[PDB]
Structures are given as structure tokens and as C-alpha cells.
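Chemist: Part one of the assembly, not moved from where it sits:
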Amino acid sequence: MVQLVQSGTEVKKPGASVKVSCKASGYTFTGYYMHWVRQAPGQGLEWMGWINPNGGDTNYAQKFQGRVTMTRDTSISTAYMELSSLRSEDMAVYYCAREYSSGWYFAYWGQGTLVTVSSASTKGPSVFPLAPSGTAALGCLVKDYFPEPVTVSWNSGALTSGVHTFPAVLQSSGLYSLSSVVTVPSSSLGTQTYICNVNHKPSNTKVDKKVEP
């Protein structure tokens, strides 16, 4: 069967270049156009270009002309997409996709490659309480960390009902931030302990924060 296996995650500074590979197997590599499509976090698909592995002709979207280079190594059935002068707007998941026959549509897709563009360095979060006060709401603020992700549990996972961990938001400083909240009965605030367990693997940060009214 057809298989498109892309290279792993990339982390680049603005101004650098990145080279994503797409290894094809299960079919005649030269027989089908390969397209590249990217998706920036939380928005739609954007076509970048195609290469014809038979001969190597390319066609790039105008907005990447001069910035992007698409190549292929027929001898290892691998297509490449190199994007230079990276900008923050280039942070996205990049997909290679193959035409089924000769129609301009994307029948077979690689698994995608995340390319992070950031000037920030690894950093663990600061965990601040969101003090509460038939239902009361409390939570924990996980501020200023990089890269994603963090994981938040409540009472070491013993409390899962009513928990809401929001998607992280990229601040203008290049650091991420999120809050995790939980609703609990008002009648238990004076005696029940609520501890959010925050985990940021990149920085070895494991902070347990008691949240008292």
C-alpha cells in the first residue's frame, strides 16, 4: 500500500531554514505528482507547491516563490521541501500529499511534520492559584513556559469530573500560558483539599499547588 512517511518535528529560529523529507513507498515514485500543504495552528489548509518526481519540474505558490525549494531523490523515493528565511507565520504542520492519478487533488497524505518557529528558550512555568469564591469554581494558572505541552491533573488524577484545561495561548513574549479549572460543590470548600499537579517535561518542572479559598 501507498505510504508517505515524513521527517520529525523541527524547532527553528526566525531567519533559519528547514528541510522536511517525505519518504514514499508502495508505488512507482516517479509516476505521481507530490504536493505540499501546510496548516498553521488553528486555521485552514494552505497549498505551497508541487514537484513532478519525473524530471523534477516544480510549481510554487506565489507567496513562497524565492523562499521555498522542492526536490526529490528518485533513488531513495524521497521528496523534500526546504523553506528558508523562516518567519513566525511559517510555524505550522507541513504535509506532503500525492495525486491519485493526474488530477489536482490530494489522495494520499503523510502524517505531517510540525515546524515550530520561535526565538524562545526552554523554560518551566510558574503555577499560580485561582482561588474560588451549589457550585464553586477554582483552578490553576500555568504561566510563561516553552515549549508546549504541559499536563495538569487534579488530586493526582483522582479528580477528573468538571475539569477544564484550556488550550495554551502563545503570548507576544514567545512563551505559552494556560489555565486549568474545575467546578466543585460549595459545601466542601472548607475541608476538601484541591491540588493541581502541573507537569512540564522539557524543564523537569513538577509543581503541586494547593488551591485554598
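Modeler: Now that the structure is in, tell me what you want to look at. Residues are numbered from 1 along each chain as shown, chains lettered A, B, ... in the order given.

Chemist: in stretch A:126-137, what's buried?
Modeler: For stretch A:126-137, burial by neighbour count (16 or more other C-beta atoms under 10 Å) applies to A:127, A:129, A:130, A:132. The C-beta positions use only the backbone N, C-alpha and C, and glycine is treated the same way.

Chemist: got it, and stretch A:93-102?
Modeler: So, applying 16+ other C-beta under 10 Å, buried residues of stretch A:93-102: A:93, A:94, A:95, A:96, A:97, A:98, A:99.

Chemist: Please report how far the last one lies from residue A:2.
Modeler: Distance from residue A:99 to residue A:2, counting by C-beta to C-beta, to the nearest Å: 11 Å.

Chemist: try the fifth one
Modeler: Note on residue A:97: its distance to residue A:2, by C-beta to C-beta, is 11 Å.

Chemist: Same check on residue A:131?
Modeler: For residue A:131 relative to residue A:2 (C-beta to C-beta), the value is 55 Å.

Chemist: Give me the neighbour count for the closest residue to residue A:147 other than its chain neighbours.
Modeler: Of all residues not flanking residue A:147 in the chain, residue A:202 sits nearest, at 6.0 Å (C-beta to C-beta, 6 or more residues apart in numbering). Per other C-beta atoms under 10 Å, the neighbour tally for residue A:202 reads 14.

Chemist: Next, the contact list for residue A:202, please.
Modeler: Contact analysis of residue A:202 by C-beta atoms under 8 Å, 6 or more residues apart in numbering lists A:122, A:124, A:146, A:147.

Chemist: hmm, try it at 10 Å
Modeler: A:122, A:123, A:124, A:145, A:146, A:147, A:148, A:149, A:150 (C-beta atoms under 10 Å, 6 or more residues apart in numbering).

Chemist: Next, format the buried residues of stretch A:126-137 as JSON lines and append secondary structure and distance to residue A:66.
Modeler: Formatted as JSON lines, the buried residues of stretch A:126-137 follow (DSSP: H, G, I helix; E, B strand; the rest coil; distance: C-beta to C-beta, whole Å):
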{"residue": "A:127", "secondary structure": "strand", "distance to residue A:66": "45"}
{"residue": "A:129", "secondary structure": "strand", "distance to residue A:66": "51"}
{"residue": "A:130", "secondary structure": "strand", "distance to residue A:66": "48"}
{"residue": "A:132", "secondary structure": "coil", "distance to residue A:66": "55"}
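
Chemist: could you also fit chain B onto it:
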Amino acid sequence: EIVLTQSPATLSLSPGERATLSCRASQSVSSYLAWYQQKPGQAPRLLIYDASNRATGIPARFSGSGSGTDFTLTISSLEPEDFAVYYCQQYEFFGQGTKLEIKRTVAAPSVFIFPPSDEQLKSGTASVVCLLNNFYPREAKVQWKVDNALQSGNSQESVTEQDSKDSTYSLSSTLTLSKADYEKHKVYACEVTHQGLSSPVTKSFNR
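Modeler: Same chains as before, plus chain B:
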């Protein structure tokens, strides 16, 4: 050059109902159009090609039609698996996408406000959080007011994905100020407007 308009941006239906997504091309440039499905955390997936041809392995509940400028994807008897994002495509052009949402009865948000913590204040920053809990539809308007003065451009919102049990949304709105600016004002309030509320709801506190 060529713009593909998908309609509506969001479609709210129940499982077992018929979904009809629309894709309109500004200038007809082909009788052939392709539809793709993207589930959370997955790569896009081709459903239909050349307007009405179903891709290999795609369930038959997906059918496409249309010619010229107007194209339609029909999902007969929606299933929970199907509430996802769908894109249309012609050549290098993509539609903005249509999110297929689980419909439910309107639910007003429970609103809570959280002052900055003493620990964070020690560090010279103040984060005021406004929480909107378990509401539907997703459309919500949050307005921060400091000393009864409307703020602009100094807050950030984050919304959860629709809950798997009650199909509601939650939303956070974070107002971030320096310690200095936070202590120059006394009143902090977040005003919430939602179609489930007869009048806006304001949660406030004095520093």
C-alpha cells in the same frame, strides 16, 4: 484570484441528521471539486474528488454533487465520528473550512472572576482571569472593565473543544497587567454577553 466560499462556517446538527455543506467558487474554474475531512489531531482525509466521486475506503454516507460554481457535500445520517472540520479544494485554492458541531439546547455560562494571586503579584505581574463555564452556543462576548473603563487589546481568550458529554463549551479570558498598573485601579470586572442571558452578566471585585 479564485476564492472558495464555504457555507456555513459552522454547522450545528445532532447525530442521525443530514448535513449539507456548501462550497461556492467566485469564478467557475472547474466542474471538479474535492472535499477533505480533518478530525481532531489528525491529518486531512480526502472524501470526494471531481465533485461526486467517493474516495476509496470512505463511507457511502458521504456524497458530493454540484457543477459550475455551486458544490455540496452531503453526510446522510451523521454519526459522532463525523463532527469534524471539512474543506473544499480546487487546484491551489482551499475553502476556509466548515466546522461540524454537535447541536444542543442553549446554555447560559456560569461566570467566575479570579483576582491575581499574591504569589504572582510578588513577581511584578497581575493576571485577572474570567471564566465562562459550560455554555452553548460558542458565541460569547467578554468585555473587561477597569474602574468602569472598557479595555481593548490587552486580553486573550482560550476556548475548549466541545465537551464529549454535555456538548457545552467553556472559555477563559485573561487580563494581564504589570503590578504597577494593577494597583493604580480598584475595580476589575468582566462583562459577559451570551444569547442564553437575558441581560449581560458582570463579575467584579475590588483589589
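
Chemist: what do you get for the contacts of residue A:202 once chain B is counted?
Modeler: A:122, A:123, A:124, A:145, A:146, A:147, A:148, A:149, A:150 (C-beta atoms under 10 Å, 6 or more residues apart in numbering or on different chains).

Chemist: Bridged to the closest residue in space to the last one that isn't next to it in sequence, which residues?
Modeler: Among residues not flanking residue A:150 along the chain, residue A:200 sits closest, at 4.8 Å (C-beta to C-beta, 6 or more residues apart in numbering or on different chains). As for beta bridges, residue A:200 partners with residue A:205 under DSSP bridges.

Chemist: you'd agree residue A:200 is up against residue A:151?
Modeler: Yes - using C-beta atoms under 10 Å, residue A:200 makes contact with residue A:151 at a distance of 8.1 Å.

Chemist: centroid residue for chain B?
Modeler: Closest to where the C-alpha atoms of chain B average out (C-alpha atoms, centre = their mean) is residue B:138, at 6.4 Å.

Chemist: that older thread, specify which residue of residue A:200 and residue A:151 has the higher count of neighbours.
Modeler: residue A:200 (23 against 13; other C-beta atoms under 10 Å in any protein chain shown).

Chemist: Next, count neighbours for residue 109.
Modeler: Using chain A. 21.

Chemist: Wait, chain B was what I had in mind.
Modeler: 22.

Chemist: sorry, back to before: please identify every residue contacting each of residue A:200 and residue A:151.
Modeler: A:142, A:206.

Chemist: show me the contacts for the residue nearest to the centre of chain B.
Modeler: B:10, B:12, B:99, B:101, B:159, B:160, B:162, B:168, B:169, B:171, B:194.

Chemist: Wait, residue A:196 touches residue A:153, no?
Modeler: Yes - counting by C-beta under 10 Å, residue A:196 touches residue A:153, with 7.3 Å between them.

Chemist: If you count surrounding residues, which of these two has more?
Modeler: Using other C-beta under 10 Å as the criterion, residue A:196 and residue A:153 rank with residue A:196 on top: 28 against 18.

Chemist: Tell me what the more buried one is bridged to.
Modeler: residue A:154, residue A:209.

Chemist: quick one: it from chain B, how far?
Modeler: Distance, residue A:196 to chain B, using C-beta to the nearest C-beta, to the nearest Å: 13 Å.
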